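Before any questions on binding or motion, here is one chain by itself as structure tokens, the form deposited in one PDB entry.
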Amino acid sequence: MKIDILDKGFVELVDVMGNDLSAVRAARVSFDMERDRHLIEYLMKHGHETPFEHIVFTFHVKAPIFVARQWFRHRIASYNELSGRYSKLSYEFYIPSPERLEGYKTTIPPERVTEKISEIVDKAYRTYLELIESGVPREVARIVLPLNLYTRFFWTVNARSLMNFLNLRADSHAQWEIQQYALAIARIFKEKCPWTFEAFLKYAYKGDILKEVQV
């Protein structure tokens, strides 16, 4: 599964451990213990979250650094990113489409706003090349590249933490760009753990957009 985000980014599922039943098996130990589907619903509405920690995912994500920084703020998880110290950075930046500024009255037209951003990206990247070409160390030459540069990383997280992540990013208060990545994460989650997902929205989900956007 690979979903395309923005103009050049993406969310891709690498691996998965367990499914809805993993949560059920884990919960049975307490009381010595169709019907299973009813237990998940029960857990969800009564606040028994731990059982869901036994479902785990690993995603491959390519996103603009300003999005990555917000994502990494989630501590209950594991990360592994491409290094800007040990690698030659590619010429890939997130250039917002004109429709992104729709809703805001601006002096200059959306195409103009979009034209300038690209321009600054070229001057920035061109300079980055002179320096690397001139013998400057990569780890120091990259401080000139803008926050709209694309980066890649792996993310391993369990169901319970993932639901905390959707509560916060698949919401209208979070930035538009990362909301797009949230929907992709939500979609994949629904495909792998449909019962848990349904119960989530119906009982514990605190955000707004997932109750108005299919999958």
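Definition used throughout: the rigid core is the maximal C-alpha set that superposes within 1.5 Å between two forms. Start at 1 with the first residue shown and count on from there. Only residues modelled in both forms are compared.
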* To do: Check whether residue 149 goes without coordinates in at least a third of the other compared PDB entries of this protein that model residues on both sides of it.
  => no
* Establish whether the other compared PDB entries of this protein leave residue 27 unmodelled at least a third of the time. => no
* To do: Indicate whether the chain is continuous between residue 33 and residue 34 or, if not, how many deposited residues are absent from the coordinates: none, 1 to 3, 4 to 9, or 10 or more.
  => 4 to 9
* Quick one: say whether 57 to 65 or 43 to 51 has the higher mean Cα B-factor in the deposited entry. => 43 to 51
* Report the stretch with the higher mean CA temperature factor, choosing between 68 to 76 and 90 to 98 on the basis of the entry. => 90 to 98
* Asked: Out of 157, 147, 29, 186, which one has a C-alpha B factor higher than all the others in the entry?
  -> 29
* Structure fact -> Tertile call for residue 132 (CA temperature factor, within chain, third-based) is the highest
* To do: Among all modelled residues of this chain, ranked by Cα B factor, put residue 190 in the bottom, middle or top third, i.e. lowest, middle or highest.
  => middle
* Lowest, middle or highest third - CA B-factor, residue 113 -> highest
* Among the modelled residues of its chain, does the C-alpha B-factor of residue 173 lie in the lowest, middle or highest third? -> middle
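Although not depicted, the form deposited in another entry is the subject of the following passage.
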* To do: Of 90, 127, 80, 118, only one moves its C-alpha by 2 angstroms or more between this form and the one not shown once the rigid core is aligned, so tell me which.
  => 90
* **Closer or farther in the other entry: C-alpha pair residue 88, residue 58 (3 angstroms or more)** => closer
* Asked: Between residue 87 and residue 156, do the C-alpha atoms lie closer or farther in the other entry than in the shown form, with a difference of 3 angstroms or more?
  -> closer
* To do: Please identify, after superposing on the rigid core, every run of 3 or more consecutive residues whose C-alpha atoms all shift by 2 Å or more between this form and the one not shown, listing them in sequence order.
  => 29 to 32, 84 to 91
